[PDB]
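Read the structure below first, then the notes.
Just so it is clear, none of the values below were taken in a lab; they were calculated from the coordinates. Positions of Cβ are backbone-derived with ideal geometry, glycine not excepted, and every protein chain shown enters the neighbour counts.
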Amino acid sequence: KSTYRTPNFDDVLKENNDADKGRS
Amino acid sequence: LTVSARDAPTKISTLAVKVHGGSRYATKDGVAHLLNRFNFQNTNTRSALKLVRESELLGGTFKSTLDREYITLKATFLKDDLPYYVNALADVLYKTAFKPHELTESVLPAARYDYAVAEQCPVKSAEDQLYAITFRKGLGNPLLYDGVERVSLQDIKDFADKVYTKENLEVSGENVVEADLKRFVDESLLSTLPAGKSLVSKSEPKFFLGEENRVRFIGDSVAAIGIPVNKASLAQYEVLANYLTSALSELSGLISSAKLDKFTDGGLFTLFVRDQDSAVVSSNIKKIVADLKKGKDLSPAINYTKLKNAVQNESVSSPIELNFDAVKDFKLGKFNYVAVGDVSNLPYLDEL
Amino acid sequence: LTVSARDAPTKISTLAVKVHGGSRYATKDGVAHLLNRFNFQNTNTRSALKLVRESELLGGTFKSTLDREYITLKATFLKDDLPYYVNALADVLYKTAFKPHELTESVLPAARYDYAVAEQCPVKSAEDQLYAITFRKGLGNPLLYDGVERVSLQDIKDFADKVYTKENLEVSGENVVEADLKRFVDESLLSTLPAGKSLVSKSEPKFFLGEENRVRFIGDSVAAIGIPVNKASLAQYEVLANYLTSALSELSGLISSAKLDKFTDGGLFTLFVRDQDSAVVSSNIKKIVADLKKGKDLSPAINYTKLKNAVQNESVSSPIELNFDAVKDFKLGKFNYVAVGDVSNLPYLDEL
Amino acid sequence: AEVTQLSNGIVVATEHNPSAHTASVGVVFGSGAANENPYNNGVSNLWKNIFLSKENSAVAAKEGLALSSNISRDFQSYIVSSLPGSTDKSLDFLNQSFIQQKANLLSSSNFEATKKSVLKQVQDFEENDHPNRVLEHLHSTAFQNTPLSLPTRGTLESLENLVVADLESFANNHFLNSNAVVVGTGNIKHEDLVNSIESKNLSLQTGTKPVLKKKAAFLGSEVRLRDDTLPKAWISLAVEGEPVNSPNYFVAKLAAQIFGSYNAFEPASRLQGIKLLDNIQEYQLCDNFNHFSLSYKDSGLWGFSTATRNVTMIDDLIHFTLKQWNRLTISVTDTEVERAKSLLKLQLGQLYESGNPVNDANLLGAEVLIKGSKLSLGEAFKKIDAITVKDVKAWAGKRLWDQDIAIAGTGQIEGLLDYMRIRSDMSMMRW
Amino acid sequence: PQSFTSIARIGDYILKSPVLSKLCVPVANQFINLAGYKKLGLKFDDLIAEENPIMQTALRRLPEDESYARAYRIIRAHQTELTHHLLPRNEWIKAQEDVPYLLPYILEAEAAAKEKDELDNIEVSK
Amino acid sequence: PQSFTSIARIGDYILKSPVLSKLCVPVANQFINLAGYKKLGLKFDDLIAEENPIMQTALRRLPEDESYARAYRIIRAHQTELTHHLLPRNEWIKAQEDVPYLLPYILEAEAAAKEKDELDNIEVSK
Amino acid sequence: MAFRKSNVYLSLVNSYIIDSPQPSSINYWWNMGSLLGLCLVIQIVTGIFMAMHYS
Ligand code: HEM
Ligand SMILES: COc1c(O)c(C)c(C/C=C(\C)CC/C=C(\C)CC/C=C(/C)CC/C=C(\C)CC/C=C(\C)CCC=C(C)C)c(O)c1OC
């Protein structure tokens, strides 16, 4: 497992809608 | 003060003044580099930056390189901003101020930084050692102020008046119309600098071959080799240098560089070997020198050498048009040697 | 293992064990010095200090010097408290612990400081590099651990087990009765050491002459000169060294030193010139080598040399006595050179 | 001296320039690191290396022509330089030893030797370089789970797990004719315009490139590799730039060039500059700048890379750079904008018009694939003088103000505060 | 604070005898397994107080390949205790892997310090 | 705080005019005589304060000898004022040897500082 | 250099409230200590406003 392989955050990552409204 | 230029449809341009001086002509060893780092600042006419930051504000940058015999000053600008840059460059090339209290803080820390970052790499040290041991106190000299002698501002000014002069000068810029420069130097202070004498050399510099040196650097080992080349037969060493450095011959995956530094009337064929260990280097250089001394046919690289030489040129001051047709063979004769890093394992000159 | 001593009536005495090893026999470069610094600490039987401070409480001192080929361990004590000191010295000379974890902080700082002090004086560096160029990587080796090669704790242990052997050892003393040492080396740990091999070289070390080196060290210049001297004719160089270093001859108000370093069979005659500037040295050394080649009669210094040689001797392991009688004349021949400091000013070997 | 483009099966472009006399002809494939999956990373690297070794040995020995290459994210710029009078031979070699046949090239022995050489090269790059490493890490951390974060070199685990079949499969899924062009930068005029289209001189594998399911994204992150063994420090901020083919490329480039480069150990750089450089120079804070705003066909990156020497003073360097970025988006002097315009003009002039034909050829290939047509620098100069303070204000109000950042550095970063001391201070609470 | 020389003495005395060993070693393993650090990732060569000067010298003497592992273990432990979870029952420390590597580097240094601190209060000797 | 550019301008204007010079030179001489600092052993090129960074740049430009002499004079003045005495009438600083040695090293740096503070606020021009 | 760490009256407060590297694994008890400090300060304030009207 090389360092570039970012661990799976999919459990905690926000859904596929970016965050351009979450700042609000 | 003969000038030359070339016209270009492209709308970016740069002008260069090629002072025919540098390390070779320095009376004291560590003055050429310090002068060059002392060059673009604090004119008597206009301030060091209060009237040179306006160059960047106006769309162009300044650069003053160094070499073995060229104190080159360059400036890249747009097409419509030429006369101001010619005037500023002539003003800096006017031995203007050389203020005394602007050396202990301005350039010396820069000189120390430059020396420190240029001495870590053993390649540069090998080049310097090879030049010094091959040319003595003639062409060769320490390219960098290492502080071995105290050099005084009087000596800097003396060197500047020795080299910066109208007769021993040359100006060339690209993408600039010829008439503008031909009539703009005369409308500038470059018509007023005293006429010194051309510091060129009539005959070849005296060379010394056979001797070797060594040091005890802490790091990767390097085993430089050098040859002296004269102007009469300089094509063969260039074609051989490119033959070695390329992937055409098997001696490619171990050598580091095989450049051929060019002077007015001669040069030093160099090459390098370097590795992390201190045992592979010995065997590698042993087989390299054995095979070179064996004598290799060299013609089937002429086209590659011609292409690399042509693509190498970017300056208007084209070097002499070498004749790449009278190359038929090669057999190594007598050479030189420098060893850097560890010495206890590197081979001596006798058994090489 | 032969013990030799002489009795004296004085109430202070010295016992020294002279291991026939050092920088001449080191497999790696910076190992012999570090071992010598590694010597008097952390025995397996008695502690590193807790049972060697009580040596001071008893009234004796400990020293472990290094030289070209002698790892001398000296202990000076009163007339009576001998058996404890022979016990402790033999226990140290038993490769007891050589603890790997207590070497990165014990002897590395000491070795670094010692190297810094040694390299500060250009005369010592000139001597070292003279040995290196004359004797190659046989006899000639660096005397101090400069970190050029990575030396391993296992390698230190291997060298210790290579040299700390019964056959290749000598014990001497004075102001101690022969009857004490002659038996005190038997009921002691020193009599159980393995019998290694005679590391003493049989034939003369291979000497190289003519080659010269140079370094660009900062500071006052110095210009060493050396001559390889064998056992066949070693009297002439000693008498001449004393002739130059005395005030008998005019070539004396300018020479810094002219010491001869004595070996088992070889040795290297040396004479050094140093000065604050970088120009007086040139003329001084030119005149020294100019008139030394002429040939000077040397007979009217034999008596002074005899006195100096006699007063030099202090130990039972005295250097082999020399017949200062067949000393008639002298004439220099091929030699070896080193220049340190500024290098451009000091003359090259060709014109010397 | 005008760039010509067309569309006859395979796009052919030409930037004639009789100034230089080093003719170059090659291909610019519109795929690379971005067009390939994480599990098989260094396939492009291996292609480039097998070419650059064995084909070099072939070409130099046979004829006179030195071949180069480049891979940045989605190029395989297999430019083959040559003499002005030797372009037909170069094209013939390129079409006889790169597209086909690949049997005389992919021998197991040559492939394995190149594989071990690539392993050694990537290893010593990992152990020696540092600014490039942190830049690659910045890409890999900005685009997690996206076919753009994977580096242009690859990982040893991904390098070792491929022999022949994967290489050939990628060749047949990306070396097509739909997204492959020909570039003839140098001093050729129309011989390349007609000789590329010949009886058989055409790339094999007709079809289309397999379209990626997802293109690109962004999210704030950190990848720090804190190790005190290394002497200096290394950091690289980042804010999502503007993709190519957008009315924001040049305004972003100017917004980056305002602050500009800086080398603290040069007599000709400390004296000049703007507020942050002076306020740093009063003490000793930093040792290098690089304001870079890189852009790609999917998304672009506006970055800020340094490699300092002081270790206790990281926080102050970051705080000052952030306050200067806020100053950029709140208020800019007219003279600053004018100076930036002039500097960016000269920088573009140097970059696009460097004498080396290979750089021009690679850039022309990039633009012709992405833009669809070359944008001659005349129009760039015409449209660059129109950039005005209001436009930059508007652009920075979008890309910069309170937008997630990504930083990634290797070295003695430990002094750097983690996230809320480098993110929630891009507005300084008084705009 | 209580030196490891006394611990070593008491441990050798307890373990050497057969009956006290048979009566005391069965409860020690259960005690360790019930303690807690085993699952959260701590090796006992890390949990000790590491601030007093003799332990400071011991830490200074450690080879690299164990100091780095200790750093990883302690930072991961900090994280897991921060998140209030426990490590999954696949990356715990096995029973046979809790080997003491740091003990000798404490015993040697402690012996040296104890037997040097006593040496100053020496007598006239007889 | 008040720059020496303005002081130099005012001084040159006063000195150039002959009648105003004849009016103000004698009062200036008598003032500097009654100033009460020549006797205790001070040159006026030291009394200027050393808080402004321009002063730091000025001192950093001085040669070695003048800095050493200034140090000696200032410490001797400190001591003599501590004693409450004045120096003997043999080392009173004579009027003809109150040379300005430090003024040029103030003006040379003051000009650069002024043009630095100005050139930042430049305009786009035409 | 950042004004937070330069002025003395603020260089003091920086090292105690603005930059003090507390350990990673803190729980609520040290937050409870901070609670205690604030309880002390509100006690002092209300005590002043108490003694303002106390014989
Ligand atoms: C933490 C510190 C303090 C504690 C724990 C404390 C506690 C108390 C307590 C328990 C009482 C008894 C009141 C009751 O019976 O209802 C009291 C009374 C009082 N305290 Fe304090 N006190 C503190 C500090 C102060 C200070 C600083 C002041 C004044 C500035 C102050 C002023 C008073 C006064 C005036 C009373 C009056 C009694 C009352 O009216 O009941 N106290 N305090
Ligand atoms: C170790 O890490 C830290 C840490 O470093 C710090 C600083 C704190 C913070 C510490 C504190 C908040 C405690 C500090 C408290 C004090 C120093 C108490 C100060 C004492 C006082 C008496 C305050 C003085 C104020 C007054 C007397 C106000 C009265 C004035 C009035 C009423 C004005 C009246 C005028 C009119 C016109 C009505 C921590 O909590 C902490 O742990 C996380």
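Listed highest first by mean packing, meaning other Cβ atoms within 10 Å per residue, what order do C:38-47, E:98-107 come in?
So the order, starting with the most tightly packed, is C:38-47, E:98-107.
Shielding of B:205-217 by partners, i.e. mean partner chain Cβ atoms within 10 Å per residue?
3
Which of F:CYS24, D:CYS286 has the fewest other C-beta atoms within 10 Å, and how do the rest follow up to the most?
F:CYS24, D:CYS286
For F:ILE48, place a label point 7 Å out from Cα along the Cα→Cβ vector, do the same in each other copy, and report the separations in nm, one decimal, smallest first.
Distances to the matching label points in the other copies: 6.6 nm.
For the cross-link pairs B:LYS11/B:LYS306; C:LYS162/C:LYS202; D:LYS116/D:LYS209; B:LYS286/C:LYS162; D:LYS189/D:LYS374, which exceed 26 Å when the distance is taken from alpha carbon to alpha carbon?
Listed pairs above 26 Å: B:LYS11/B:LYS306; D:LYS116/D:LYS209; B:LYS286/C:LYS162.
Strictly over 27 Å apart at the Cα level, which of B:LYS124/B:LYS287; C:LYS182/C:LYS206; B:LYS262/C:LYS334 would you flag in this model?
C:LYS182/C:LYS206; B:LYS262/C:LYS334
For the protein assembly as shown, just say rounded, prolate or oblate: build the C-alpha gyration tensor, square-root its eigenvalues into a ≥ b ≥ c, call rounded for a/c under 1.5, and beyond that prolate if a/b exceeds b/c, oblate if not.
rounded
Pairing the Cα long axis of helix C:302-312 with the longest principal axis of chain C, what angle in degrees results, from 0 to 90 and rounded to the nearest 10?
30 degrees
With charges only on Cβ, +1 for K and R and -1 for D and E, what is the dipole size of the protein assembly as shown about its Cα centre, in debye, rounded to 20?
Once rounded to the nearest 20, the dipole reads 440 debye.
With +1 assigned to the C-beta of every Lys and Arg and -1 to the C-beta of every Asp and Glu, and no other charges, what is the dipole magnitude of the range D:293-431 about the Cα centre in debye, to the nearest 20?
360 debye
Taking the 0 to 90 degree range and rounding to the nearest ten, how far is the long axis of helix B:153-163 tilted relative to the main principal axis of chain B, both from C-alpha atoms?
The answer is roughly 90 degrees.
For chain D, return all DSSP H helices satisfying: extent of Cα atoms along own axis at least 18 Å; mean Kyte-Doolittle hydropathy at least -0.5.
D:314-330, D:334-352, D:357-370
Normalised by the number of residues in the range B:59-214, what is the relative contact order in percent for Cα pairs under 8 Å and 6+ residues apart?
It comes to 29 percent, rounded to a whole number.
Mind checking the mean number of beta-carbon atoms from other chains within 10 Å of the Cβ atoms in B:263-274?
Per-residue shielding by partner chains comes out at 0.
From the label point of B:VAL280, set 7 Å from Cα along Cα→Cβ, how far away are the matching label points in the other copies, in nm, ordered shortest to longest?
Spelled out, the distances from B:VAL280's label point are 5.2 nm.
Taking the highest mean first, how do the peptides C:5-18, D:160-173 order by number of other beta carbon atoms within 10 angstrom per residue?
C:5-18, D:160-173
From the alpha carbon gyration tensor of chain E, can you work out the equivalent ellipsoid semi-axes (sqrt of 5 times each eigenvalue) and give them in Å, largest to smallest?
They are 32, 22, 11 Å, listed largest first.
Rank by packing, highest mean first: peptides B:342-352, F:31-41, with packing defined as the count of other Cβ atoms within 10 Å averaged across residues.
Listed from highest to lowest mean packing, they are B:342-352, F:31-41.
I need the shape label for the range D:1-107. Rule: rounded when a/c is under 1.5, else prolate if a/b > b/c, else oblate, with a, b, c from the alpha carbon gyration tensor.
oblate
In what order do D:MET313, D:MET426 fall by count of nearby beta-carbon atoms within 10 Å, going from fewest to most?
Least crowded to most crowded, the residues run D:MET426, D:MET313.
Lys/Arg Cβ at +1, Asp/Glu Cβ at -1, dipole of the range D:148-304 taken about the Cα centre: which of D:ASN290, D:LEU254, D:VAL163 is farthest positive-ward?
Of the options given, the answer is D:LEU254.
Inter-copy label distances at F:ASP120, 7 Å along the Cα→beta-carbon direction, one decimal in nm, shortest first?
Inter-copy label distances (nm, one decimal, shortest first): 5.9.
State, as an integer percentage, the relative contact order of chain D based on alpha-carbon contacts under 8 Å between residues 6 or more apart.
Relative contact order comes out at 22 percent.
Any idea what angle helix C:108-120 forms with the longest principal axis of chain C, computed on alpha-carbon atoms, 0 to 90 degrees, nearest 10?
That helix lies at roughly 20 degrees to the long axis.
Please average, across the residues of B:6-15, the number of beta carbons from any other chain that are within 10 Å of each residue's own beta carbon, and give a whole number.
Per residue, the number of nearby Cβ atoms from other chains is 4 on average.
Determine the sum of side-chain charges near B:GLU105: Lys and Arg each +1, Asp and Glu each -1, restricted to other residues whose C-beta is under 14 angstrom from that of B:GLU105.
Residues close to B:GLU105 contribute a combined charge of +4.
Hey, fewest Cβ within 10 Å first, where do G:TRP29, D:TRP401 land in order?
G:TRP29, D:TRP401
Taking amide hydrogens as modeled 1.01 Å from N in the peptide plane, which residues meet the under 5 Å criterion relative to B:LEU260, leaving out close sequence neighbours?
none
By the scheme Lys and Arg +1, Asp and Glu -1, what is the net charge of all other residues having a beta-carbon under 14 Å from that of E:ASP117?
Spelling it out: positives minus negatives among the neighbours equals 0.
Just need the relative contact order of chain F here, percent rounded to a whole number, with Cα pairs under 8 Å and 6+ apart.
For chain F, the relative contact order is 38 percent.
Around C:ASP329, what is the net charge, scoring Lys/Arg as +1 and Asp/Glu as -1 over all other residues with Cβ under 9 Å from its Cβ?
Overall, the nearby charge balance is +2.
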